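Remarks on the structure that follows.
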Amino acid sequence: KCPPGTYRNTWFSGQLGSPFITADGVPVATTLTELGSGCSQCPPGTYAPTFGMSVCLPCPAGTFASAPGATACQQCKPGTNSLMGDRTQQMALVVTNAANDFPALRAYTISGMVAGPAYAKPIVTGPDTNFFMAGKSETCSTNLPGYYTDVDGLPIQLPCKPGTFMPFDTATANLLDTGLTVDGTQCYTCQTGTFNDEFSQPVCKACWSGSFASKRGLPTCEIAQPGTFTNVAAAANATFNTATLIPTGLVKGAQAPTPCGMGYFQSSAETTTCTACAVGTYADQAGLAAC
Amino acid sequence: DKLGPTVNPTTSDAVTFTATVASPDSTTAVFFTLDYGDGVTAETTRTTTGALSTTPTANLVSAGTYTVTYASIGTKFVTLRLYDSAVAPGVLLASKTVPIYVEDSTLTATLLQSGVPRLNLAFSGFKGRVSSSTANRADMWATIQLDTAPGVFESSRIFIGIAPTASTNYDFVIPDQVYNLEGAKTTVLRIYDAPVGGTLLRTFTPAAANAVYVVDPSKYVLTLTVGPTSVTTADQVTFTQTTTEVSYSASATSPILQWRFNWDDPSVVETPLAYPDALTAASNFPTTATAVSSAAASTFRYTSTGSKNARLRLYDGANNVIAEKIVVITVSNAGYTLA
Amino acid sequence: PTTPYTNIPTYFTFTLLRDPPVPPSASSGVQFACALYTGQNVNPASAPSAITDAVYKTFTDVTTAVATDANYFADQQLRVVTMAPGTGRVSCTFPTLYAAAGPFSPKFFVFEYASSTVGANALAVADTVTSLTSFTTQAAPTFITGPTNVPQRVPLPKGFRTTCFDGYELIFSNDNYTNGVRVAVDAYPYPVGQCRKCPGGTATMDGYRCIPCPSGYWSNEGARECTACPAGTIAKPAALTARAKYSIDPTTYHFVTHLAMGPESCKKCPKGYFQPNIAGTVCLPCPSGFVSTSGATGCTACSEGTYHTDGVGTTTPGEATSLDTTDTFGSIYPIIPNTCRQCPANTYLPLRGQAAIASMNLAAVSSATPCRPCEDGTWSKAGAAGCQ
C-alpha cells in the first residue's frame, strides 16, 4: 500500500498546488514524490491519513495545509479564517493580468453607502465567483473587516452582531478609543451616538440628528422624546469610497438629550430644533414638553 | 468518420464515409475493406491505395458505392481493415473501428425555452415534447446538454415517462441547468431508451436561430427620465416615452424583450407589454439606445401622498424580468396655505 | 530534521545497529547504555569537564523517569536499552527541554551494558563520539491539527448558516442560493453563508469539504454516499479541464483534475480482461490460457486441445476492438490476444489452459506453441486431446 500522506491514481499523477502565490495566478505541474514507494505526494490543500487511497481528499473548511506532503490539516489561527485567496486579493476590484484576470475576484460586495449623496445597494455588483472555503493551498487569509473569528477552528468567518463594528485595520478606523487594537478575533462595541441594525458592518452609522443615542452599542437610535431637541452638524454616515471599499469620515451625533431651554418648547418628538412658546403662554422650566 | 448527414442518421437516409490513410514509416500500397455492423447488407472488396506517406490522402469514398442503408436502429460498428496483398487472407496491417448511431425516424422530440436564459442564474424555463408515431412505446430517458463546447458535459439521465398510447404529445419537465458563456449556445436534447447506455433515440437541434442564447442582465442599461420628482399630488408627472432609451450594449444579436412600465399607483394598472420603438417581433434587440415607443407622452397624477417607485422592466416569455430600472418620486401636500 | 523547536519538549531517537552479527533467536537478551549530553547548561550547572567516555559513562541513571521527577529533562542523561534476541535494531529515546535559544552541540556515546556495569566504547576504538549537527532552535508555532470546529448558538441575520446539510458544501456569497442552484444574485446586502449542491463526481456528507470519490466509485451531484461502480466496470473519471477567466462559476476546486460524473463513467472492460471486484479501479488481464468475453467477471478456461494466441487467421476472433480500448481508455489497456487455437494434425494437448509462450525479442528466440509431438506410432486429427 501507499504510505500515508501520499497517493497514486492510475488516471492522473502529480500536484497542482498554490494557484494564488504566483503573480499570474495559475497552478504549477508539481511532480514531487517520496522515493522509496514512488507514490505521488498529496496536492497542497489535501491530506492522506490512511495508508492506501487513490484520491486524497480536500482540506475541510477552517483548515489549511500549505505543504504538499500533509498528513492532516491544521486549524486556522484564532484571528484569521479559511477562504481561498488572500485578503487584498479578495478585496481587490481592479485587475492587472487581463488574460487570466486572476487578481480581480470580488468577494466583498459590501452594503455600505456609496461615495457621494447616493445610496446604492451593495457597491460591488454581480455574482461572487470565488467563494470556496475548503480549498486552502496557502496561509490562512485574514478576516474581512465586517466579520470576525473568535475560536481557532471556524469554517466560515462570523459577522459582527448588531451594535458592534470591526474596522478593517487598527489605524484605518473611525471611532476607537486609543487604548486598544483590532486583531480580528474580538469585535469592539459601537461608541455612543451610533446605531447598527445589521451584521457584518465595518462601522456603525451615526444617528440622524433628530434621534440621538446615549449608551454604548445600541442597535437602534433612541427617539428624542417631546420636550427636547438634538442639534448637531457632523452627523453624516461614513462614505465608502469605491477605490478600496473602506469607510471614512464618520462623526458621531449628539450623545445627550440636550433639553429645550427656558421659553422654548417642543411638542413633536424626533426634532432637531426647538420652537418658541406662543404668545399668551409661558415655559417655566427647561425641557417642557408643551407650553 | 461519418461523411454523411451531420445529424445522427435515420434508417432511410444512408451515410457516406471519409477515411484518410497515412503512413509515416513506409510509402507502399495497401488494400482496404469496409465491414458494416450489419454484415448481411454488404461486404466490400479490396481496393488499392497509392503512396500514402506522412500526409493524409483523400481516399475511400470519393465517388464510390460504399454507402449502405441500415435497417435496425442502434449502434453499428463500421470496420476499416488494411491488407498488404490482395489475396485471401493476406496480412491485416491495421483495423480501426468506429461506432455510428442510427436513430428512429418515428420518434419526434421538440425543445421549448419559455424565457431567455440569463447568465449565471439558473434557468428553469425549459420543456420537452416527445410525439411517438408507434402505438406503444417503452420507457424513455433524456439528457440535456447545454453546449457542444468541450468544457460542458452531458447531464444526468431524466426519466421522461412511457408515452404509452396513441400519437399524442407527452410533455416532460426538465430540471434546472446553469449556463455560463454570455453568448450563443448549441443546446442538444438527447434521448435514450434505457437508463444506462442502451441506444440513442433522438437528438434535438437549436435549428436555425431558435438557439439558446445567454444574456447578461448587467449589460442592459435603461434610462427613465420621467418628469420631475419632488412635485406634489396636484402636479402631473410626464412620462416622455421618446426619452426612455433601452440598449443592450453587449452584442448585436440578442433576443427581443418586450418592455413594461408601472407607476406603482393602485389607481392605474401597469402598461401593456409592448416592443421597443420601430421594432417588430422576433428581431434582434437594438445594441444602441432606442426609445420604448415612437410617439407617446403620458401624464399621470398620483392620488396618495407617498413615495412612488416608477419602474420600467423588461419581460420575455414567462414573467421573469431581467432588466429593471426604478426611479423614486416623492409627494408633499403641506406646501399649500390659505389665509 | 536538523533544528528542533525552542521550548517544545523534544524527543530524541538514536538508532543502533548490531550489523549482520545479529544475536541469535535462541540466546539471551543484550543491553547497551546510550548516553547523551545536549549542550545546554540549565541542569546540573556546568558542562561535563572532558569529552572522554570515562566521565560520560557516569552521568545519571535515567532509564526509568516519571514526567515530574525534575530529571525528565536533564541536559546530560544516560539510559539503558535492551536488544531482545532475533533483532538487530534498537531505539534510544531521550526527552530534552531547551529553555533558551542558541547553538548547541549534542554529544552521544554508546556503551555495552553488562551486569549493572557500564563497559567501554561500544563503537570500535575507544573515545569516539558521534557529534550531532550543531543547530539553532527556532520558535515554536502553535497550531491545533484536528477537525473543523463549530460555534454554538451565535446570532446570524437571516440566511447565513453555520452548517450546511448533507450534499451541499458551504459557500460565502451575497447571492441568493436556494438548494444548490441559486435563484437570484446580489440579494443580501452583505455576503452570507449559502449551500451549493456539489458537482457530479463529488459527494458530500456533513458538508464543509466537498470530496471527490475514490477511483472505485462514481457519484451524482447531490448524493450523500458516493455510488459503487458495477462489478465489470472501471469508472474512468472524465477530464474536467479548468476555468480560464477567474470570472466564471467554478465547477469545483482547482487541484481537482478529473471526476467520475454519473454512471456513464463506469465503462466496461475490453475482451481479455476480467474485473471481479466491485471497486474495479483497474481491470485485471486474464491469466495465461483463460479467455474472457466483453466486460467479464471471471475468465473462462480454454478447452483441451487448444492454446491461447492471437486469432486473426481464424474467423470471428474475440479480440478487443480498437474502439473499446483506444477511444474509451487510451493506452492503458492495449489489445491483448484473446481466443483459442487448435494445434494442427499429429499433435495433441492433454491439459487445459496452456497458452502460447511468447518472446519479447523475435529475431533472437522464436515463439512456439505448447503442443506435443504426439508420441510415435500415433496420429491426431487436427485438434484432439488424445492421439489415436
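Each chain in the C-alpha cells gets a letter, A, B, ..., in the order shown, and its residues are numbered from 1; ligands are numbered from 1 in order too.
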I want to know what sits within 9 Å of residue C:175, based on only C-alpha atoms, with residues of the same chain fewer than 4 positions away left out; could you give that as a compact mmCIF listing (two decimals) with C-alpha atoms, in the first residue's frame?
# COMPACT_ATOMS: atom_id res chain seq x y z
CA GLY A 126 -22.56 40.73 -9.84
CA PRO A 127 -22.26 37.14 -8.66
CA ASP A 128 -19.45 36.20 -6.33
CA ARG C 182 -29.07 29.72 -6.87
CA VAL C 183 -32.21 31.76 -7.63
CA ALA C 184 -31.23 35.44 -7.51
CA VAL C 185 -27.96 37.38 -7.50
CA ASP C 186 -26.93 40.25 -5.21
CA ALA C 187 -29.92 39.99 -2.88
CA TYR C 188 -28.37 40.03 0.58
CA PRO C 191 -22.29 38.23 1.72
CA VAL C 192 -23.53 35.33 3.81
CA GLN C 194 -25.15 29.56 1.49
Residue list (strand (DSSP E or B), DSSP) for stretch 158-257 of chain A, as a count of residues only: 12
Distance query stretch 27-44 of chain B at most 10 Å, only C-alpha atoms, self and fewer than 4 positions along chain excluded, as number ranges by chain: B: 21-23, 48-54, 60, 65-72, 74-86, 91-95, 97-100
Contact residues (chain C, partner chain A, 6 Å, only C-alpha atoms) as a PyMOL selection string: chain C and resi 144-145+148-149+171-173+185+189-190+208-209+211+214+245-247+249+255
Within 8 Å of chain C: residues of chain B, using only C-alpha atoms, as a PyMOL selection string: chain B and resi 89+95-99+120-122+151+156+176+178+180+196-197
Long-range neighbours of residue A:88 as number ranges by chain, 10 Å cut-off, only C-alpha atoms, 3 positions minimum in chain: A: 85, 91-93, 103-105, 141-142, 144, 244
So that I can check the surroundings of stretch 247-249 of chain B, please list as a PDB file with N, CA, C and O atoms, in the first residue's frame every protein, DNA and RNA residue that reaches within 9 Å of it, counting only C-alpha atoms and ignoring chain neighbours fewer than 2 positions away.
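Final file, out-v2.pdb:
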ATOM      1  N   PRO B 217     -27.783  40.220 -17.546  1.00  0.00           N
ATOM      2  CA  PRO B 217     -28.642  41.342 -17.146  1.00  0.00           C
ATOM      3  C   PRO B 217     -27.868  42.598 -16.809  1.00  0.00           C
ATOM      4  O   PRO B 217     -28.439  43.693 -16.867  1.00  0.00           O
ATOM      5  N   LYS B 219     -25.447  43.960 -18.489  1.00  0.00           N
ATOM      6  CA  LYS B 219     -25.066  44.732 -19.666  1.00  0.00           C
ATOM      7  C   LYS B 219     -26.147  45.733 -20.056  1.00  0.00           C
ATOM      8  O   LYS B 219     -25.836  46.851 -20.481  1.00  0.00           O
ATOM      9  N   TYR B 220     -27.416  45.347 -19.940  1.00  0.00           N
ATOM     10  CA  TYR B 220     -28.509  46.250 -20.271  1.00  0.00           C
ATOM     11  C   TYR B 220     -28.437  47.525 -19.445  1.00  0.00           C
ATOM     12  O   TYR B 220     -28.202  47.484 -18.235  1.00  0.00           O
ATOM     13  N   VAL B 221     -28.636  48.664 -20.108  1.00  0.00           N
ATOM     14  CA  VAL B 221     -28.739  49.956 -19.437  1.00  0.00           C
ATOM     15  C   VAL B 221     -29.995  50.646 -19.963  1.00  0.00           C
ATOM     16  O   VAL B 221     -30.209  50.717 -21.179  1.00  0.00           O
ATOM     17  N   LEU B 222     -30.870  51.058 -19.051  1.00  0.00           N
ATOM     18  CA  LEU B 222     -32.133  51.697 -19.399  1.00  0.00           C
ATOM     19  C   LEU B 222     -32.251  53.007 -18.636  1.00  0.00           C
ATOM     20  O   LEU B 222     -32.121  53.025 -17.408  1.00  0.00           O
ATOM     21  N   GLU B 245     -34.585  55.541 -23.350  1.00  0.00           N
ATOM     22  CA  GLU B 245     -33.818  54.731 -24.285  1.00  0.00           C
ATOM     23  C   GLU B 245     -33.412  53.416 -23.635  1.00  0.00           C
ATOM     24  O   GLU B 245     -32.930  53.400 -22.498  1.00  0.00           O
ATOM     25  N   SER B 251     -23.963  42.721 -27.279  1.00  0.00           N
ATOM     26  CA  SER B 251     -23.791  42.105 -28.583  1.00  0.00           C
ATOM     27  C   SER B 251     -24.932  42.535 -29.490  1.00  0.00           C
ATOM     28  O   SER B 251     -26.007  42.923 -29.030  1.00  0.00           O
ATOM     29  N   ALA B 252     -24.679  42.460 -30.796  1.00  0.00           N
ATOM     30  CA  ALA B 252     -25.692  42.849 -31.767  1.00  0.00           C
ATOM     31  C   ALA B 252     -26.859  41.871 -31.771  1.00  0.00           C
ATOM     32  O   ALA B 252     -28.024  42.278 -31.710  1.00  0.00           O
ATOM     33  N   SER B 254     -29.088  39.668 -30.075  1.00  0.00           N
ATOM     34  CA  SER B 254     -29.724  39.261 -28.833  1.00  0.00           C
ATOM     35  C   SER B 254     -31.215  39.150 -29.081  1.00  0.00           C
ATOM     36  O   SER B 254     -31.750  39.774 -30.003  1.00  0.00           O
ATOM     37  N   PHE B 285     -32.502  42.572 -30.550  1.00  0.00           N
ATOM     38  CA  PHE B 285     -32.615  43.711 -29.656  1.00  0.00           C
ATOM     39  C   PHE B 285     -31.575  44.764 -30.032  1.00  0.00           C
ATOM     40  O   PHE B 285     -30.418  44.423 -30.305  1.00  0.00           O
ATOM     41  N   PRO B 286     -31.946  46.039 -30.062  1.00  0.00           N
ATOM     42  CA  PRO B 286     -31.011  47.068 -30.533  1.00  0.00           C
ATOM     43  C   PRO B 286     -29.819  47.207 -29.603  1.00  0.00           C
ATOM     44  O   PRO B 286     -29.966  47.297 -28.382  1.00  0.00           O
ATOM     45  N   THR B 287     -28.626  47.228 -30.196  1.00  0.00           N
ATOM     46  CA  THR B 287     -27.419  47.447 -29.410  1.00  0.00           C
ATOM     47  C   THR B 287     -27.281  48.904 -28.993  1.00  0.00           C
ATOM     48  O   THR B 287     -26.623  49.200 -27.989  1.00  0.00           O
ATOM     49  N   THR B 288     -27.882  49.820 -29.743  1.00  0.00           N
ATOM     50  CA  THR B 288     -27.819  51.243 -29.450  1.00  0.00           C
ATOM     51  C   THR B 288     -29.084  51.699 -28.736  1.00  0.00           C
ATOM     52  O   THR B 288     -30.121  51.034 -28.770  1.00  0.00           O
ATOM     53  N   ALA B 289     -28.977  52.851 -28.080  1.00  0.00           N
ATOM     54  CA  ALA B 289     -30.105  53.414 -27.352  1.00  0.00           C
ATOM     55  C   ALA B 289     -31.276  53.672 -28.288  1.00  0.00           C
ATOM     56  O   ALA B 289     -31.104  54.213 -29.384  1.00  0.00           O
ATOM     57  N   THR B 290     -32.472  53.277 -27.857  1.00  0.00           N
ATOM     58  CA  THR B 290     -33.671  53.499 -28.646  1.00  0.00           C
ATOM     59  C   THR B 290     -34.867  53.647 -27.717  1.00  0.00           C
ATOM     60  O   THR B 290     -34.925  53.033 -26.649  1.00  0.00           O
TER      61      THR B 290
END
Polymer residues at most 8 Å from residue C:120, only C-alpha atoms, same-chain spacing of 6 or more positions, as a count of residues only: 4
